[PDB]
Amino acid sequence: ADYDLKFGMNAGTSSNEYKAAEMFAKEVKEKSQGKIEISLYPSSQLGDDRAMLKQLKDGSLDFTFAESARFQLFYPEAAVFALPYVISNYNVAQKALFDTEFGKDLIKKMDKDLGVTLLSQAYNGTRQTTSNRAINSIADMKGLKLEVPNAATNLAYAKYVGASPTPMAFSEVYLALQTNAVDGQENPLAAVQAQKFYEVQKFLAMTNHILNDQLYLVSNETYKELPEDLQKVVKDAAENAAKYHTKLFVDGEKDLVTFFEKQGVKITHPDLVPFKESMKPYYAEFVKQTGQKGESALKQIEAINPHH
């Protein structure tokens, strides 16, 4: 095609993310009259999200996904998006990104410093905790070898509840669980399904600890070369796909607990008050490290009412 473009992702071919990316690719090919074709590169084929963000910056990859929280790699105060229990729900995540001074500045910096244009934001689920033994209370987390992505906020979740975090690549997790080299992991339910972690985890605990969004991102080096009518095709398609993406996740969260029960998984509902209490020293440490920019971002987010 005139524009043979590439969209990389860590999620696999059975995931919501892949499904929504297929919708995006289809719409762009149709509405561009075949001028643009977008090929998908799932399962970390091109590296992980940190690696794919570098590739968008350089111009060697055209599209990828990232959470708003992942920009904590560059701007420490952006960890606010994944401090456990701080962001209440997706309504708050949307307003945090688009309707605060903090979020609006972050979007501008992504463009200026990191070479990426934010096309749209979707919901990517709320993280829960699976394990090879029951989590009936925070006490059960003690010494649990909890696999997490290599991201400071997930490492801190594990640390502050008393678990022993082991950071790993997403592709390696299934085998780590199966072999009991680790005792659990902490993705949203849709990823537990997509990765078939339920085949290798007898327990699921509703820890509700981190709220994931998902940003549809384009390399500035690619976006700048598209005539404005094709830029509009891509932007409109990204917005349409994001609504569909969010819907997949919202619908799954209704149904997936019952799906896992029928696969033989036991579900627990530990008291979250001690989980939330355990994070108070982490928020303090966040404010100590990130200074006034962090305190301000927290304030702006804590002001957002979570009811639509």
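Don't overthink the numbering: it's just position in the shown sequence, from 1.
- Higher mean CA temperature factor, per the PDB entry, when comparing 266-274 with 38-46: 266-274.
- Looking at 132-140 and 224-232 together, the entry lists the larger mean B-factor for 132-140, computed on C-alpha atoms.
- Note on the listed residues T166, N208, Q193, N187: the highest Cα temperature factor in the record is that of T166.
- Looking at the C-alpha B-factors along this chain, the one for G125 belongs to the lowest third.
- Among the modelled residues of its chain, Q55 has a C-alpha B-factor that falls in the middle third according to the deposited record.
- Per the deposited record, the Cα B-factor of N91 falls in the lowest third when ranked against the other modelled residues of its chain.
- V250: CA B factor in the middle third of modelled residues in this chain (values from the PDB entry).
- Among the modelled residues of its chain, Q178 has a C-alpha B-factor that falls in the highest third according to the deposited record.
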